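Undergrad: Here it is: the structure, laid out below.
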Number of protein chains: 6
Amino acid sequence: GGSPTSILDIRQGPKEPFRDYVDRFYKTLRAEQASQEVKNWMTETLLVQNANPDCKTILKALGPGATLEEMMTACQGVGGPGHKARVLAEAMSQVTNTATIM
Amino acid sequence: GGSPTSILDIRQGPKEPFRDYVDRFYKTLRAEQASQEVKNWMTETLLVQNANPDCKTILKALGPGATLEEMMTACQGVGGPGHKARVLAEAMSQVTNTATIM
Amino acid sequence: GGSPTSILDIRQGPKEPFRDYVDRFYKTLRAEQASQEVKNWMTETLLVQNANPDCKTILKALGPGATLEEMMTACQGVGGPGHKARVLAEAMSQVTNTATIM
Amino acid sequence: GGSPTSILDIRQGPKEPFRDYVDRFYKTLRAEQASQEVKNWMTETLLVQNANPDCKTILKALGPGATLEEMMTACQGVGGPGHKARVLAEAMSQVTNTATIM
Amino acid sequence: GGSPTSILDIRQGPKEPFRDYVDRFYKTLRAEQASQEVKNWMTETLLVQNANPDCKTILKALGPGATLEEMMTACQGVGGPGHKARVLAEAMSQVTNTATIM
Amino acid sequence: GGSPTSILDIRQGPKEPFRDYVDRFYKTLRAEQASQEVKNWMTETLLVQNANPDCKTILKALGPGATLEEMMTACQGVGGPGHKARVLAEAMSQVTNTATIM
Ligand SMILES: C=C(C)[C@@H]1CC[C@]2(C(=O)O)CC[C@]3(C)[C@H](CC[C@@H]4[C@@]5(C)CC[C@H](OC(=O)CC(C)(C)C(=O)O)C(C)(C)[C@@H]5CC[C@]43C)[C@@H]12
Ligand SMILES: O=P(O)(O)O[C@H]1[C@H](OP(=O)(O)O)[C@@H](OP(=O)(O)O)[C@H](OP(=O)(O)O)[C@@H](OP(=O)(O)O)[C@H]1OP(=O)(O)O
């Protein structure tokens, strides 16, 4: 479970940029008195998993063994037409070619 | 029915994330004077139902007994690109494959 | 007629939450100096008519006699991605097969 | 002409709902010093011509002589995705069959 | 070049309404200390060139010598769903027939 | 890497228009105490690479080394439906024909 303030309740806003949410995660973490390792691996597992399925999955899309910067860039394209454009095109064709999903 | 300020009146806004909604709900539940036995289940029954069909529908999808956490992670993903994007993936085949609905 | 401050000037913004629109509907109505009988049916005839061509459309879909609980929620489906989502599914699947309308 | 703050320079923000438009139209007309009768002949032609090419064209779409009630019925659904939707419903179905326009 | 605060640095936000952009243009212009003749010709060459390729192109579309009122009327349709709508419709059919561009 | 407040961290938000991004960038560049040569090229390497996948790739789209006016016009058009649309048409044309990508 994850209570307020605690990074365990820190989740990216679907509209919130990963560039922002990523920050909310680390600053909010400053709000928590977690052991540094408890705060870092948190910054790892809590960040990605709580990073707005869009960014969060993008992180996975980015191929694990990622750098915070990359997912920052891929998940940064989220919020502006970069998303509403690329995702739109991708979903637009996610189904065009892959419509049969099982 | 559900009068204002009561958890019964509590409802995830059409765009309100499961995360935010789950916050005003429980706070509202604090605002309500139902025992924990009456509140905790309101937290169960009212939450899923009042939680905005986007979340509410996911909620039923995850599978009865979905950890509040699971819906807490999925339902919340809704909002900006969260619903614009992911759903575009399903909205896209919702008409292409499922255009005929009966 | 229907000048401002009356329930005859109570409309749901297109993106407006039904729960919101309907909220001002009745506060305005409270201000509207009609009899219980002249105020209450407004709730019915003006709510459906002035409620966002989409919610207005939904209400008919909800099947008259419906408790405001259902129209409020279906209409609650409006605003967030839910509105674009449900509509995208029907209008998109309407313009595909039903593109021919006479 | 039409200088700022005069009903003449009163124009529905592209997105400014007609409801917002008609309220601000009436907020700047009321503000505008045109005879009581002039305001009446302003409230007529300026209202339809300045109300956002969408709410406006709608006012013209309802067929001149459209009770201000009908505009409010149609140009009220403007702004939300209900518009992006209802508009798409026709524009989307207008391009498929009517793409060739001369 | 065009330094900050100058009308040379004044550009319509990609989403910024022409009505808006044109307002700050002239407000900012006053800030710029250009001779009346210099401000008047900036008002013309900088207004169109720095007016958001949507409006900026519209202005040209309106055809040179276009009255500020026409740019204001055509570039005002830019911003909300009024645009996304009109533009999507043309772009949509542009790619249908005109997809081949050379 | 690029720490907080540095022009290195500095990035065109997804909604931050290039004309604005470039505005906080330069203000933020002044904030980081660097030599002229340093700021001279920071303004370059950090302005295009941190430049919002849309504006940034636009710069590269225009052709790197592009005049600030070329990236500015091109990126000052990135923000609203002038963009969310111009792109929707193209990305749409990217997945219609070019959906197959390898
Ligand atoms: C690919 C598809 C399957 C379909 C096939 C063709 C299509 C159709 O007929 O369905 C043409 C219309 C489009 C392109 C939809 C896709 C969806 C989009 C969208 C609903 C997408 C989300 C966008 O909003 C944002 O990005 C958020 C934003 C408003 C900028 C903010 O921050 O406030 C908005 C602008 C609302 C559009 C309007 C155009 C349409 C309907 C297309
Ligand atoms: O007017 P608000 O209630 O504050 O809503 C705004 C508005 O969106 P709409 O087009 O739906 O009216 C913004 O647009 P502008 O007012 O600047 O035109 C938009 O941002 P964009 O300009 O980037 O499209 C932003 O949406 P978001 O930041 O989610 O993309 C959204 O704010 P909220 O939904 O957060 O209220």
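Here's how to read the names in the structure tokens: chain A, B, ... by the order shown, residue numbers from 1 in each chain, ligand numbers from 1 in the order shown.
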What residues in chain F get the DSSP label helix (DSSP H, G or I)? Please answer as a PyMOL selection string.
TA: chain F and resi 18-31+36-49+53-62+68-75+81-96
Undergrad: Produce the least-squares-superposed copy of chain D, fitted on chain A over all in-order C-alpha pairs, as a tab-separated table (two decimals) with N, CA, C and O atoms, in the first residue's frame.
TA:
chain	number	residue	atom	x	y	z
D	1	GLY	N	1.83	-0.81	-0.16
D	1	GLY	CA	0.78	0.20	0.13
D	1	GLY	C	1.06	1.48	-0.66
D	1	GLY	O	1.04	1.48	-1.89
D	2	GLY	N	1.31	2.57	0.06
D	2	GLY	CA	1.58	3.85	-0.58
D	2	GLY	C	0.61	4.93	-0.10
D	2	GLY	O	-0.44	5.14	-0.71
D	3	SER	N	0.99	5.63	0.97
D	3	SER	CA	0.15	6.70	1.50
D	3	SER	C	0.54	8.02	0.83
D	3	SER	O	1.66	8.16	0.34
D	4	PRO	N	-0.34	8.98	0.80
D	4	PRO	CA	-0.07	10.31	0.16
D	4	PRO	C	1.18	10.99	0.70
D	4	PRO	O	1.48	10.91	1.90
D	5	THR	N	1.89	11.68	-0.20
D	5	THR	CA	3.11	12.44	0.13
D	5	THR	C	4.34	11.55	0.25
D	5	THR	O	5.46	12.06	0.28
D	6	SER	N	4.15	10.24	0.27
D	6	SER	CA	5.30	9.35	0.30
D	6	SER	C	5.61	9.02	-1.14
D	6	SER	O	4.69	8.99	-1.96
D	7	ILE	N	6.88	8.81	-1.50
D	7	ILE	CA	7.17	8.52	-2.92
D	7	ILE	C	6.30	7.39	-3.44
D	7	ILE	O	6.07	7.27	-4.64
D	8	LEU	N	5.84	6.54	-2.54
D	8	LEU	CA	5.02	5.43	-2.95
D	8	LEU	C	3.74	5.94	-3.55
D	8	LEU	O	3.28	5.44	-4.59
D	9	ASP	N	3.17	6.97	-2.92
D	9	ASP	CA	1.96	7.56	-3.46
D	9	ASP	C	2.36	8.73	-4.33
D	9	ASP	O	1.77	9.81	-4.25
D	10	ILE	N	3.35	8.49	-5.15
D	10	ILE	CA	3.80	9.51	-6.06
D	10	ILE	C	3.50	9.02	-7.43
D	10	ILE	O	4.07	8.02	-7.87
D	11	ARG	N	2.56	9.67	-8.09
D	11	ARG	CA	2.19	9.21	-9.43
D	11	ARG	C	1.96	10.32	-10.39
D	11	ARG	O	1.20	11.25	-10.14
D	12	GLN	N	2.63	10.15	-11.51
D	12	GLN	CA	2.54	11.07	-12.59
D	12	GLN	C	1.12	11.26	-12.94
D	12	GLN	O	0.46	10.32	-13.38
D	13	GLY	N	0.67	12.49	-12.82
D	13	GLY	CA	-0.66	12.79	-13.20
D	13	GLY	C	-0.80	12.27	-14.58
D	13	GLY	O	0.19	12.26	-15.31
D	14	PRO	N	-1.96	11.77	-14.96
D	14	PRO	CA	-2.10	11.18	-16.29
D	14	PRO	C	-1.37	12.02	-17.32
D	14	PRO	O	-0.58	11.50	-18.13
D	15	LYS	N	-1.60	13.34	-17.25
D	15	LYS	CA	-0.96	14.25	-18.17
D	15	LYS	C	0.36	14.78	-17.63
D	15	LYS	O	1.19	15.28	-18.41
D	16	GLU	N	0.53	14.70	-16.32
D	16	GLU	CA	1.74	15.24	-15.70
D	16	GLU	C	2.94	14.76	-16.47
D	16	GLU	O	3.29	13.59	-16.41
D	17	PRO	N	3.58	15.63	-17.22
D	17	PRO	CA	4.72	15.19	-17.99
D	17	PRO	C	5.61	14.36	-17.10
D	17	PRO	O	5.57	14.49	-15.88
D	18	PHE	N	6.43	13.53	-17.72
D	18	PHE	CA	7.35	12.75	-16.97
D	18	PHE	C	8.28	13.74	-16.29
D	18	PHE	O	8.67	13.56	-15.18
D	19	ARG	N	8.63	14.81	-17.02
D	19	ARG	CA	9.51	15.80	-16.46
D	19	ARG	C	8.86	16.34	-15.20
D	19	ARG	O	9.51	16.49	-14.16
D	20	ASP	N	7.56	16.63	-15.26
D	20	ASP	CA	6.91	17.10	-14.04
D	20	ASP	C	6.88	15.96	-13.03
D	20	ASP	O	7.03	16.15	-11.82
D	21	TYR	N	6.66	14.78	-13.55
D	21	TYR	CA	6.57	13.61	-12.73
D	21	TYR	C	7.84	13.29	-11.98
D	21	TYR	O	7.83	12.95	-10.81
D	22	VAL	N	8.92	13.31	-12.71
D	22	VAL	CA	10.20	12.97	-12.18
D	22	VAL	C	10.66	14.07	-11.23
D	22	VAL	O	11.32	13.80	-10.24
D	23	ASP	N	10.28	15.32	-11.51
D	23	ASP	CA	10.61	16.44	-10.61
D	23	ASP	C	9.77	16.34	-9.30
D	23	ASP	O	10.28	16.60	-8.18
D	24	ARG	N	8.47	15.97	-9.45
D	24	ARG	CA	7.58	15.83	-8.28
D	24	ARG	C	7.87	14.51	-7.60
D	24	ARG	O	7.77	14.41	-6.38
D	25	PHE	N	8.27	13.51	-8.40
D	25	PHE	CA	8.62	12.22	-7.84
D	25	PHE	C	9.74	12.52	-6.88
D	25	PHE	O	9.73	12.11	-5.71
D	26	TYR	N	10.72	13.25	-7.41
D	26	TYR	CA	11.91	13.62	-6.63
D	26	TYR	C	11.59	14.71	-5.60
D	26	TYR	O	12.37	14.93	-4.67
D	27	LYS	N	10.42	15.35	-5.74
D	27	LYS	CA	10.00	16.36	-4.77
D	27	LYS	C	9.32	15.68	-3.56
D	27	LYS	O	9.35	16.20	-2.45
D	28	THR	N	8.68	14.53	-3.81
D	28	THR	CA	7.99	13.77	-2.75
D	28	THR	C	8.89	12.67	-2.16
D	28	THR	O	8.70	12.25	-1.02
D	29	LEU	N	9.88	12.21	-2.96
D	29	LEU	CA	10.85	11.20	-2.51
D	29	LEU	C	11.79	11.89	-1.57
D	29	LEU	O	12.06	11.44	-0.46
D	30	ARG	N	12.27	13.04	-2.04
D	30	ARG	CA	13.15	13.83	-1.25
D	30	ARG	C	12.39	14.11	0.02
D	30	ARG	O	12.93	14.01	1.12
D	31	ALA	N	11.09	14.41	-0.15
D	31	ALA	CA	10.25	14.66	1.00
D	31	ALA	C	10.06	13.38	1.83
D	31	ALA	O	10.03	13.43	3.06
D	32	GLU	N	9.96	12.24	1.13
D	32	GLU	CA	9.77	10.93	1.77
D	32	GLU	C	10.97	10.50	2.57
D	32	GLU	O	12.12	10.61	2.11
D	33	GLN	N	10.70	10.01	3.77
D	33	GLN	CA	11.77	9.56	4.65
D	33	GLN	C	12.10	8.08	4.45
D	33	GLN	O	11.64	7.21	5.19
D	34	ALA	N	12.94	7.85	3.45
D	34	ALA	CA	13.44	6.53	3.13
D	34	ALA	C	14.95	6.70	3.22
D	34	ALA	O	15.45	7.77	2.89
D	35	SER	N	15.66	5.70	3.70
D	35	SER	CA	17.10	5.85	3.85
D	35	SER	C	17.69	6.40	2.57
D	35	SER	O	17.06	6.37	1.52
D	36	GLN	N	18.91	6.92	2.65
D	36	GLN	CA	19.54	7.45	1.46
D	36	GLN	C	19.61	6.32	0.44
D	36	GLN	O	19.39	6.53	-0.75
D	37	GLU	N	19.90	5.10	0.93
D	37	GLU	CA	19.97	3.94	0.05
D	37	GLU	C	18.58	3.47	-0.39
D	37	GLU	O	18.39	3.03	-1.53
D	38	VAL	N	17.60	3.57	0.50
D	38	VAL	CA	16.24	3.15	0.17
D	38	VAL	C	15.68	4.06	-0.91
D	38	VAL	O	15.03	3.62	-1.85
D	39	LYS	N	15.93	5.35	-0.78
D	39	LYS	CA	15.44	6.28	-1.76
D	39	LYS	C	16.05	5.87	-3.09
D	39	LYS	O	15.41	5.88	-4.13
D	40	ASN	N	17.31	5.46	-3.07
D	40	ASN	CA	17.93	5.01	-4.31
D	40	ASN	C	17.20	3.76	-4.89
D	40	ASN	O	17.08	3.61	-6.11
D	41	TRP	N	16.76	2.83	-4.02
D	41	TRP	CA	16.09	1.67	-4.55
D	41	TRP	C	14.62	2.01	-4.83
D	41	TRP	O	13.94	1.24	-5.53
D	42	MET	N	14.13	3.20	-4.31
D	42	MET	CA	12.73	3.71	-4.58
D	42	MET	C	12.73	4.45	-5.90
D	42	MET	O	11.93	4.18	-6.80
D	43	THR	N	13.67	5.36	-6.01
D	43	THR	CA	13.85	6.13	-7.21
D	43	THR	C	13.91	5.21	-8.43
D	43	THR	O	13.71	5.67	-9.56
D	44	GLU	N	14.21	3.91	-8.21
D	44	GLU	CA	14.29	2.97	-9.33
D	44	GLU	C	12.97	2.28	-9.74
D	44	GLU	O	12.52	2.41	-10.89
D	45	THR	N	12.38	1.51	-8.83
D	45	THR	CA	11.14	0.78	-9.15
D	45	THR	C	9.91	1.69	-9.12
D	45	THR	O	9.04	1.58	-10.01
D	46	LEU	N	9.83	2.60	-8.12
D	46	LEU	CA	8.68	3.53	-8.02
D	46	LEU	C	8.66	4.50	-9.18
D	46	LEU	O	7.60	4.90	-9.65
D	47	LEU	N	9.83	4.92	-9.63
D	47	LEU	CA	9.87	5.87	-10.71
D	47	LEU	C	9.24	5.32	-11.98
D	47	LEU	O	8.45	6.00	-12.63
D	48	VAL	N	9.62	4.11	-12.37
D	48	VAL	CA	9.11	3.53	-13.59
D	48	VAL	C	7.64	3.10	-13.50
D	48	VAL	O	6.90	3.23	-14.48
D	49	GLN	N	7.25	2.53	-12.35
D	49	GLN	CA	5.87	2.01	-12.11
D	49	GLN	C	4.80	3.10	-11.83
D	49	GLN	O	3.60	2.86	-12.00
D	50	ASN	N	5.20	4.24	-11.34
D	50	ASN	CA	4.24	5.29	-11.00
D	50	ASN	C	4.22	6.43	-12.00
D	50	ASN	O	3.54	7.45	-11.78
D	51	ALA	N	5.03	6.34	-13.03
D	51	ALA	CA	5.12	7.47	-13.91
D	51	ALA	C	4.07	7.53	-15.01
D	51	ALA	O	4.46	7.61	-16.16
D	52	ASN	N	2.71	7.54	-14.68
D	52	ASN	CA	1.74	7.65	-15.75
D	52	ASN	C	1.82	6.45	-16.68
D	52	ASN	O	2.83	6.29	-17.35
D	53	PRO	N	0.85	5.55	-16.70
D	53	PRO	CA	0.92	4.34	-17.58
D	53	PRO	C	1.60	4.61	-18.95
D	53	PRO	O	2.19	3.71	-19.52
D	54	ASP	N	1.56	5.86	-19.43
D	54	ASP	CA	2.24	6.22	-20.70
D	54	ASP	C	3.76	6.48	-20.50
D	54	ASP	O	4.60	5.91	-21.20
D	55	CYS	N	4.12	7.36	-19.57
D	55	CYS	CA	5.54	7.64	-19.36
D	55	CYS	C	6.17	6.42	-18.75
D	55	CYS	O	7.32	6.11	-19.03
D	56	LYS	N	5.39	5.75	-17.94
D	56	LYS	CA	5.82	4.53	-17.30
D	56	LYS	C	6.07	3.43	-18.34
D	56	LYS	O	7.20	2.97	-18.50
D	57	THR	N	4.99	3.02	-19.05
D	57	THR	CA	5.13	1.98	-20.04
D	57	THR	C	6.33	2.34	-20.91
D	57	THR	O	7.09	1.47	-21.29
D	58	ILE	N	6.50	3.67	-21.17
D	58	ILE	CA	7.65	4.14	-21.97
D	58	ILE	C	8.93	3.75	-21.30
D	58	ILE	O	9.82	3.19	-21.94
D	59	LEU	N	9.02	4.02	-20.00
D	59	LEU	CA	10.21	3.67	-19.25
D	59	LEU	C	10.46	2.20	-19.45
D	59	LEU	O	11.61	1.78	-19.58
D	60	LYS	N	9.38	1.44	-19.48
D	60	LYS	CA	9.47	-0.01	-19.71
D	60	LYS	C	9.68	-0.31	-21.20
D	60	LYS	O	10.22	-1.36	-21.60
D	61	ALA	N	9.23	0.62	-22.03
D	61	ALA	CA	9.35	0.51	-23.47
D	61	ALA	C	10.78	0.72	-23.92
D	61	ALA	O	11.22	0.13	-24.91
D	62	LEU	N	11.50	1.58	-23.21
D	62	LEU	CA	12.87	1.86	-23.58
D	62	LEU	C	13.73	0.65	-23.28
D	62	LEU	O	14.92	0.61	-23.62
D	63	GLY	N	13.11	-0.34	-22.62
D	63	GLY	CA	13.81	-1.54	-22.26
D	63	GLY	C	14.43	-1.33	-20.89
D	63	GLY	O	15.31	-0.48	-20.77
D	64	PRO	N	14.01	-2.08	-19.87
D	64	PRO	CA	14.61	-1.95	-18.50
D	64	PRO	C	16.11	-1.73	-18.59
D	64	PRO	O	16.74	-2.15	-19.56
D	65	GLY	N	16.65	-1.01	-17.64
D	65	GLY	CA	18.07	-0.68	-17.70
D	65	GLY	C	18.27	0.56	-18.59
D	65	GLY	O	19.40	0.97	-18.87
D	66	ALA	N	17.13	1.17	-19.03
D	66	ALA	CA	17.17	2.37	-19.86
D	66	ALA	C	17.68	3.50	-19.03
D	66	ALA	O	17.11	3.81	-17.99
D	67	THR	N	18.73	4.17	-19.49
D	67	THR	CA	19.21	5.27	-18.74
D	67	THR	C	18.07	6.23	-18.51
D	67	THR	O	17.31	6.50	-19.44
D	68	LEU	N	17.98	6.78	-17.30
D	68	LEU	CA	16.95	7.75	-17.00
D	68	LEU	C	16.96	8.82	-18.10
D	68	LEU	O	15.96	9.50	-18.33
D	69	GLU	N	18.10	8.96	-18.80
D	69	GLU	CA	18.22	9.93	-19.88
D	69	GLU	C	17.26	9.60	-21.04
D	69	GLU	O	16.64	10.49	-21.62
D	70	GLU	N	17.14	8.29	-21.37
D	70	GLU	CA	16.26	7.83	-22.45
D	70	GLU	C	14.79	8.02	-22.10
D	70	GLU	O	13.98	8.37	-22.96
D	71	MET	N	14.44	7.81	-20.84
D	71	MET	CA	13.06	8.02	-20.47
D	71	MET	C	12.81	9.48	-20.78
D	71	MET	O	11.92	9.84	-21.55
D	72	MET	N	13.63	10.32	-20.20
D	72	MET	CA	13.50	11.74	-20.42
D	72	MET	C	13.48	12.03	-21.90
D	72	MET	O	12.82	12.93	-22.34
D	73	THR	N	14.15	11.23	-22.68
D	73	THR	CA	14.07	11.46	-24.10
D	73	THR	C	12.65	11.11	-24.60
D	73	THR	O	12.11	11.81	-25.46
D	74	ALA	N	12.07	10.01	-24.11
D	74	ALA	CA	10.74	9.59	-24.57
D	74	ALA	C	9.57	10.08	-23.73
D	74	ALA	O	8.65	10.71	-24.25
D	75	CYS	N	9.57	9.79	-22.43
D	75	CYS	CA	8.46	10.19	-21.60
D	75	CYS	C	8.37	11.70	-21.39
D	75	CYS	O	7.53	12.18	-20.62
D	76	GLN	N	9.22	12.46	-22.09
D	76	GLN	CA	9.20	13.92	-22.00
D	76	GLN	C	8.24	14.48	-23.02
D	76	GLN	O	7.68	15.55	-22.84
D	77	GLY	N	8.08	13.73	-24.13
D	77	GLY	CA	7.20	14.14	-25.20
D	77	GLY	C	5.76	13.78	-24.87
D	77	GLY	O	4.87	13.84	-25.73
D	78	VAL	N	5.54	13.35	-23.63
D	78	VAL	CA	4.23	12.98	-23.22
D	78	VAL	C	3.47	14.16	-22.62
D	78	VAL	O	3.99	14.89	-21.77
D	79	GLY	N	2.23	14.28	-23.04
D	79	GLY	CA	1.36	15.31	-22.54
D	79	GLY	C	0.90	16.24	-23.63
D	79	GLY	O	-0.28	16.56	-23.74
D	80	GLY	N	1.84	16.65	-24.45
D	80	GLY	CA	1.52	17.55	-25.53
D	80	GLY	C	0.85	16.79	-26.64
D	80	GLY	O	0.63	15.58	-26.57
D	81	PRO	N	0.48	17.48	-27.67
D	81	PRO	CA	-0.21	16.85	-28.77
D	81	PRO	C	0.82	16.03	-29.52
D	81	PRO	O	0.49	15.22	-30.34
D	82	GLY	N	2.14	16.30	-29.20
D	82	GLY	CA	3.22	15.58	-29.78
D	82	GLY	C	3.05	14.18	-29.33
D	82	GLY	O	3.46	13.24	-29.99
D	83	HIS	N	2.38	14.04	-28.17
D	83	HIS	CA	2.10	12.75	-27.67
D	83	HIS	C	0.83	12.27	-28.24
D	83	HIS	O	0.74	11.15	-28.70
D	84	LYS	N	-0.13	13.13	-28.28
D	84	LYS	CA	-1.36	12.74	-28.87
D	84	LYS	C	-1.08	12.37	-30.33
D	84	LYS	O	-1.83	11.62	-30.94
D	85	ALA	N	0.00	12.94	-30.86
D	85	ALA	CA	0.44	12.74	-32.23
D	85	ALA	C	1.31	11.50	-32.36
D	85	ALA	O	0.96	10.55	-33.05
D	86	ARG	N	2.46	11.52	-31.71
D	86	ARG	CA	3.37	10.38	-31.78
D	86	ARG	C	2.64	9.15	-31.31
D	86	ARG	O	2.78	8.08	-31.90
D	87	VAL	N	1.83	9.29	-30.26
D	87	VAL	CA	1.08	8.13	-29.81
D	87	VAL	C	0.22	7.68	-30.93
D	87	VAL	O	0.29	6.48	-31.28
D	88	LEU	N	-0.57	8.66	-31.52
D	88	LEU	CA	-1.48	8.33	-32.66
D	88	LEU	C	-0.66	7.70	-33.78
D	88	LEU	O	-1.07	6.72	-34.34
D	89	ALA	N	0.51	8.25	-34.09
D	89	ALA	CA	1.33	7.71	-35.19
D	89	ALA	C	1.41	6.18	-35.14
D	89	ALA	O	1.34	5.51	-36.18
D	90	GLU	N	1.55	5.64	-33.95
D	90	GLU	CA	1.64	4.18	-33.76
D	90	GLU	C	0.28	3.51	-33.50
D	90	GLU	O	-0.03	2.50	-34.09
D	91	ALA	N	-0.51	4.10	-32.58
D	91	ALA	CA	-1.83	3.58	-32.23
D	91	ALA	C	-2.74	3.62	-33.46
D	91	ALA	O	-3.57	2.72	-33.68
D	92	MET	N	-2.57	4.66	-34.27
D	92	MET	CA	-3.31	4.85	-35.51
D	92	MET	C	-2.85	3.83	-36.53
D	92	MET	O	-3.65	3.31	-37.33
D	93	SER	N	-1.55	3.56	-36.51
D	93	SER	CA	-0.98	2.59	-37.44
D	93	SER	C	-1.02	1.19	-36.82
D	93	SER	O	-0.76	0.20	-37.49
D	94	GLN	N	-1.36	1.14	-35.53
D	94	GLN	CA	-1.46	-0.11	-34.80
D	94	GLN	C	-2.83	-0.69	-35.02
D	94	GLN	O	-3.02	-1.90	-34.95
D	95	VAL	N	-3.81	0.17	-35.24
D	95	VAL	CA	-5.17	-0.32	-35.42
D	95	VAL	C	-5.39	-0.78	-36.85
D	95	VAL	O	-6.09	-1.75	-37.09
D	96	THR	N	-4.82	-0.06	-37.80
D	96	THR	CA	-5.04	-0.42	-39.19
D	96	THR	C	-4.56	-1.85	-39.47
D	96	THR	O	-5.30	-2.65	-40.04
D	97	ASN	N	-3.33	-2.17	-39.09
D	97	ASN	CA	-2.79	-3.52	-39.32
D	97	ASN	C	-2.99	-4.46	-38.13
D	97	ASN	O	-3.27	-5.65	-38.29
D	98	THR	N	-2.79	-3.92	-36.93
D	98	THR	CA	-2.87	-4.69	-35.69
D	98	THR	C	-4.22	-4.59	-34.97
D	98	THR	O	-4.29	-4.87	-33.78
D	99	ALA	N	-5.28	-4.15	-35.64
D	99	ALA	CA	-6.57	-4.00	-34.94
D	99	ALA	C	-6.95	-5.32	-34.30
D	99	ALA	O	-7.46	-5.33	-33.18
D	100	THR	N	-6.68	-6.43	-34.96
D	100	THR	CA	-6.99	-7.71	-34.36
D	100	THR	C	-5.90	-8.02	-33.34
D	100	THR	O	-4.74	-8.24	-33.71
D	101	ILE	N	-6.27	-8.01	-32.07
D	101	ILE	CA	-5.30	-8.27	-31.01
D	101	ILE	C	-5.77	-9.40	-30.10
D	101	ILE	O	-6.90	-9.37	-29.59
D	102	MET	N	-4.92	-10.40	-29.89
D	102	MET	CA	-5.26	-11.53	-29.04
D	102	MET	C	-4.07	-11.94	-28.19
D	102	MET	O	-4.17	-12.95	-27.51
